[PDB]
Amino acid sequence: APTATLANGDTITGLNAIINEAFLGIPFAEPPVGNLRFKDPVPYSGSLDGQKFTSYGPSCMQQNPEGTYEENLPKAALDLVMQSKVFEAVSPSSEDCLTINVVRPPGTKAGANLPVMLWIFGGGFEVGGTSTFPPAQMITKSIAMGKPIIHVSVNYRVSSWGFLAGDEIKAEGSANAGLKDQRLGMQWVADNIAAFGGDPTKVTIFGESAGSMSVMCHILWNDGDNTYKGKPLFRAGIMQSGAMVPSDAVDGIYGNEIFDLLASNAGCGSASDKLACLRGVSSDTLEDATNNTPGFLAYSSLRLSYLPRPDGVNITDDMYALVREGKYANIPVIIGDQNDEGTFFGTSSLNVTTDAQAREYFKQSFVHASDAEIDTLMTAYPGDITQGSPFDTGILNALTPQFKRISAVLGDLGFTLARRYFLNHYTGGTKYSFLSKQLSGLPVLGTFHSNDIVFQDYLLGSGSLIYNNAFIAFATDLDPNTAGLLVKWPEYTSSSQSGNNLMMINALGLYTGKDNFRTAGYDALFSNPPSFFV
């Protein structure tokens, strides 16, 4: 029923979901299999003429989040579930996974020129797929707002498949493959979205957690040059939990350590050219080898095995330096956080219970930090349980004497204070920032990471006003205030500005606040950002 004629004259068919029209599973690149493994994506050559695109394709290979070189119950249990024939059926993955999805309001036609919202999924740069993020809620609300948009989602390679690093990858020019996947998708949107009814000049990119940091990397890509065929690939971006990535170069110490471990795991330890050896192992072997490197829920936690790393070519330097140096696209942006980002991640080191153990965990996590720096971090983030995350919970949630403390650090460095740093330096365009406390009172976790996905794609809640409405108005008019919410959203210029600069969300609704919390931690962490890089 629904139809579109692509740029190359190919005419495809979609699905009429009644409440929207969807074209799912459209291939945008040649399958990154065999010798194309770990390499930049290759534009899709082929004919889609006469093809129907009515279901999501498989996601790229996924990493066991509890994966690790050690052996334990959580790992064994997860692999059990993961390789189960039922899981493989309801949730299929493959190395051939580079597909793109387009979902629009019913009745949309070529030339409608609707604003486009390109979604980049999260998942710690190690798991993830586009199928788990329904556009229906965002789409329906846009229609009801008189501000219809087109939702575009793109599959990208995660884990070893898309973020392998080291000297060989570096020498080959194959760094950040997964980010290049997202980049190609953008180019595809620029070339073909008009046929679906969208306006290529009105693309807003957005993502959550790893997807959010990805948006940041796109702002920083090619020193800020975001053009394609003489025109920018996007007019704005929305960052849901996550700013710059605090990581060393692709051929740094941890990037190389991981590469070597994976190579040994695959049985390529003796190879002169480990990279070509890795291209030759079967998918199974490669999957096994990767699940034997640390996953993000394992003890290593947020000191990720796979993530974006500066390569000196597309991400030319330390990402914090690129922001201080002004090497970014000049676009209006929305960037926010959930109050307790680190509590889910803090559950990974619950065998750390004394300050002595905390000091060593931090020392293991941040190899570049000096003792004095570690001392400052531990003064700035005290053992006092009433000081940790879930914030403002007093003596509650004391899983261990160090849980709330570790959770406070991880969340701040990884997301919340990192956002403040960006905001205090970015002069590219108008800035709007939010902080959600929607789930205050939720035991153990508080307003934890990714809860915004629920209220954006699944359930309706006070937060949806921001996650759908406010985000829709921004994608359409470049100002969230066009949404007509009762609380006006103030522009953010600096964390030192007088007057409220944060949109805030609680269980009942919205209100405004100041982004002046935990200044001691901010300087402990950001006086010299590279001291805390992974």
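Think of the rigid core as the biggest set of C-alphas that the two forms share within 1.5 Å after superposition. All residue numbers refer to positions in the sequence shown, first residue = 1.
- Once the rigid core is used to overlay the structures in 7 other deposited structures of this protein, the stretch among 350-358 and 67-75 whose CA atoms lie farther from this form is 67-75.
- Comparing 454-462 with 79-87 in 7 other deposited structures of this protein, after superposition on the rigid core, the stretch with the greater RMS C-alpha deviation is 79-87.
- Mean CA B-factor, 23-31 versus 44-52: the higher value falls on 44-52.
- Of the two stretches examined, 85-93 and 179-187, the record assigns the greater average C-alpha temperature factor to 85-93.
- Comparing the listed residues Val102, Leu307, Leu423, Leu80, the entry records the largest Cα B-factor for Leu80.
- Among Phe474, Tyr69, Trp489, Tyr467, the highest C-alpha B-factor in the deposited entry belongs to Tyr69.
- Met504: CA B factor lies in the middle third for its chain, per the PDB record.
- Among the modelled residues of its chain, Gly252 has a C-alpha B-factor that falls in the lowest third according to the deposited record.
- Annotation for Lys170: C-alpha temperature factor in the highest third relative to the rest of the modelled chain, per the entry.
- In the deposited entry, the Cα temperature factor of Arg324 sits in the top third of values across the chain's modelled residues.
- Ranked against the other modelled residues of its chain, the C-alpha B-factor of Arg235 as given in the entry falls in the middle third.
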